[PDB]
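Reminder, nothing fancy here: chain letters follow the sequence lines and each chain counts from 1.
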Protein chains: 2
Amino acid sequence: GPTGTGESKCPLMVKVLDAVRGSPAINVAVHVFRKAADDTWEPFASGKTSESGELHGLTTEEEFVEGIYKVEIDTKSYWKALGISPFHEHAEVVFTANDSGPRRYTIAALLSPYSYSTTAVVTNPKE
Amino acid sequence: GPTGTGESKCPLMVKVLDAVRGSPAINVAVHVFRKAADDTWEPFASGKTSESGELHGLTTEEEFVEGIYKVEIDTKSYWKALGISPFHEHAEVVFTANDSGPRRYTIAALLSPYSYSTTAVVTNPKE
Ligand SMILES: CC1=C(/C=C/C(C)=C/C=C\C(C)=C/C(=O)O)C(C)(C)CCC1
Ligand SMILES: CC1=C(/C=C/C(C)=C/C=C\C(C)=C/C(=O)O)C(C)(C)CCC1
């Protein structure tokens, strides 16, 4: 498993779906941050979802150390570009990772203009 | 039940449900904040949900002016009290409050240990 800003066995993956059109939510910007020593959020990784609504390759197993991470989904620009003025500014998922060892995390979000749902699927690696 | 920063017509209400037990999520801490010129968040109101899982009297119409607000729900303390290991650190809902539109805002949240869903009901009448 590789080291730095690429994809190991992809420890963090984000998947976003659209509940109004019944399709993946394409081109949604995603920003990830790690809480720093000094209690503030430092930028950790970023990207855009693909044609299938997924974003892989945000980090490696070597760079994804234990910590508190924040994944911010720009849902507002997403809906605005489809001409809807949605309710939320963005959708955020904050969680503690790899505190009992490394794990793979998939963060999924289902979006509607006035509602969002999020779920996480966590698997214990090995290959 | 409870309250916050003083009781009026109830321009903002929060309701929290438990998907694991099919009940209202009681005694959950809720904090609300208003975004400031310097872009940081300032405390605005807070409280704990009552027996029916609702939190009212957080603000009043004079004080609730346009801006961007953040509602933070301490979901982690809620699952720990139940003996469940939860995934999220808390649930946040960030939205812009506008005059133009409707006035009553109900933010509802349905919690599971690895997943949460949030919806907003914005009306002209009550609740
Ligand atoms: C049910 C559900 C969710 C998970 C969806 C997943 C895990 C979808 C995987 C593949 C799909 C839906 C088909 C596809 O890409 O073609 C999320 C967390 C969004 C929250 C709302 C309820
Ligand atoms: C969040 C949530 C849910 C609960 C909603 C509740 C308890 C709403 C109460 C009042 C509302 C939404 C405003 C209105 O008075 O019209 C259900 C179980 C549907 C599942 C999806 C997630």
Side-chain angles (χ1 to χ4, degrees), chain A residues 1-36 41-79 81-82 86 88-112 115-127, chain B residues 19 75-76 79 84-94 110-118:
Chain A
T3 292
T5 198
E7 37 189 351
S8 143
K9 299 132 343 231
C10 269
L12 183 51
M13 205 266 255
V14 174
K15 180 144 178 84
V16 178
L17 303 183
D18 181 329
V20 176
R21 277 151 62 83
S23 65
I26 300 157
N27 244 268
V28 181
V30 179
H31 294 266
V32 183
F33 309 81
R34 182 174 178 266
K35 217 209 236 164
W41 296 110
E42 283 186 354
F44 180 86
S46 58
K48 283 163 174 208
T49 55
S50 66
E51 304 264 314
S52 63
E54 295 175 336
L55 181 46
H56 314 93
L58 288 168
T59 186
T60 49
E61 208 239 296
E62 322 295 350
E63 179 150 5
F64 201 36
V65 289
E66 189 183 324
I68 287 152
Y69 288 87
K70 175 164 39 177
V71 169
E72 163 188 296
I73 297 174
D74 183 13
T75 53
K76 178 178 222 189
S77 278
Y78 177 78
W79 290 117
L82 271 42
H88 308 87
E89 287 293 302
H90 42 70
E92 346 60 334
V93 179
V94 183
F95 57 105
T96 287
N98 304 300
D99 65 326
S100 328
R103 284 293 166 276
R104 256 157 247 178
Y105 288 87
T106 295
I107 300 303
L110 173 64
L111 311 188
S112 296
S115 175
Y116 74 83
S117 151
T118 182
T119 189
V121 181
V122 186
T123 292
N124 168 64
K126 166 179 136 337
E127 0 49 95
Chain B
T75 64
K76 191 182 216 192
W79 295 115
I84 293 106
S85 165
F87 179 80
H88 306 93
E89 285 288 298
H90 49 253
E92 276 178 359
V93 172
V94 185
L110 176 59
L111 314 186
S112 287
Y114 283 70
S115 176
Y116 72 91
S117 172
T118 181

Novice: Using residues 120-127 of chain A as the side-chain source, report each donor-acceptor pair under 3.5 Å to any protein atom, sequence neighbours left out, with the distance given to one decimal.
Specialist:
{"unit_1": "A/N124", "atom_1": "OD1", "unit_2": "A/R103", "atom_2": "NH1", "d": "3.3"}
{"unit_1": "A/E127", "atom_1": "OE2", "unit_2": "A/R104", "atom_2": "NH2", "d": "3.3"}

Novice: Answer whether the closest heavy-atom distance between the side chains of A/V94 and A/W41 falls below 4.5 Å.
Specialist: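 The answer is yes; the side chains approach within 4.5 Å.
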Novice: A/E92 and B/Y116: which non-hydrogen atoms are nearest, and at how many Å?
Specialist: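 Closest approach of A/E92 to B/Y116: O-OH, 3.0 Å.
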Novice: Quick check: does any side chain N or O of B/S117 sit under 3.5 Å from a backbone N or O of A/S117, one acting as donor and the other as acceptor?
Specialist: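 Flag not set: sc B/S117 to bb A/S117 has no pair under 3.5 Å.
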Novice: What side-chain donor-acceptor pairs closer than 3.5 Å can you find for residues 19-30 of chain A, not counting sequence neighbours?
Specialist:
{"unit_1": "A/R21", "atom_1": "NE", "unit_2": "A/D18", "atom_2": "OD2", "d": "3.4"}
{"unit_1": "A/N27", "atom_1": "OD1", "unit_2": "A/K48", "atom_2": "NZ", "d": "3.4"}

Novice: Can you tell me how far NE2 of A/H56 sits from NZ of A/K15, rounded to the nearest 0.5 angstrom?
Specialist: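 Interatomic distance, A/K15 NZ to A/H56 NE2, rounded to 0.5 Å: 8.0 Å.
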Novice: If only atom types and distance count, is the side chain of A/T3 paired as donor or acceptor with the main-chain N or O of A/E62 below 3.5 Å?
Specialist: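 Pair absent, no side-chain N/O of A/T3 close to backbone of A/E62.
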Novice: CD of A/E61 to CD of A/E7: how many Å apart, nearest 0.5 Å?
Specialist: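 That separation rounds to 14.0 Å.
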Novice: Given B/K76, which partner from the list B/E89, B/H88, B/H90 fulfils the side-chain hydrogen bond (donor to acceptor under 3.5 Å, both in side chains) test?
Specialist: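 Exactly one candidate clears the test, B/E89.
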Novice: Of all heavy-atom pairs between A/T118 and A/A108, which one has the smallest distance, and what is that distance?
Specialist: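 That closest heavy-atom pairing would be OG1-O, 3.1 Å.
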Novice: So, do A/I107 and A/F95 sit near enough that their side-chain heavy atoms are less than 4.5 Å apart?
Specialist: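 Contact flag for A/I107/A/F95 side chains = yes.
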Novice: Quick one: closest heavy-atom pair of A/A97 and A/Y105, and the distance?
Specialist: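 Scanning both residues, the minimum pair turns out to be CA-OH, 3.5 Å.
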Novice: Taking atom CG of A/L58 and atom OG1 of A/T5, what is their separation to the nearest 0.5 Å?
Specialist: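 Rounded to the nearest 0.5 Å, the CG-OG1 separation comes to 8.0 Å.
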Novice: Looking only at non-hydrogen atoms, find the nearest pair between A/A109 and A/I73 and report the distance.
Specialist: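 Heavy atoms of A/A109 and A/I73 come nearest at CB-CD1, 3.9 Å.
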Novice: Could you grab the distance from atom OG of A/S115 to atom CG of B/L110, nearest 0.5 Å is fine?
Specialist: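 One finds 9.5 Å between OG of A/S115 and CG of B/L110.
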Novice: Does a side-chain heavy-atom distance below 4.5 Å link A/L111 with A/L17?
Specialist: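 A side-chain contact under 4.5 Å is absent here.
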Novice: Can you see which heavy atom on A/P2 is nearest to which on A/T60, and at what distance?
Specialist: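 Closest approach of A/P2 to A/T60: O-CB, 3.7 Å.
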Novice: Do the side chain of A/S50 and the main chain of A/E54 share a donor and acceptor less than 3.5 angstrom apart?
Specialist: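 At least one qualifying donor-acceptor pair exists.
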Novice: Distance only, no hydrogens: is a donor on one side chain within 3.5 Å (strictly under) of an acceptor on the other, for A/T96 and A/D99?
Specialist: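 The criterion, which ignores hydrogens and geometry beyond distance, is not satisfied for A/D99 and A/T96.
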Novice: Report yes if the distance between the aromatic ring centroids of A/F44 and A/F33 is under 6.0 Å, otherwise no.
Specialist: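 A/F44 vs A/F33: aromatic centres not under 6.0 Å.
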Novice: If you round to the nearest 0.5 Å, how far is OG1 of B/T75 from CZ of B/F87?
Specialist: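 Answer rounded to 0.5 Å: 11.0 Å.
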Novice: How long is the gap from CE on A/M13 to OG1 on A/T59, to the nearest 0.5 Å?
Specialist: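 Atom-to-atom, A/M13:CE and A/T59:OG1 are 15.0 Å apart.
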Novice: Any idea which heavy atoms bring A/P11 and A/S8 closest together, and the distance?
Specialist: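 Distance-wise, the nearest heavy atoms are CD-N, 4.1 Å.
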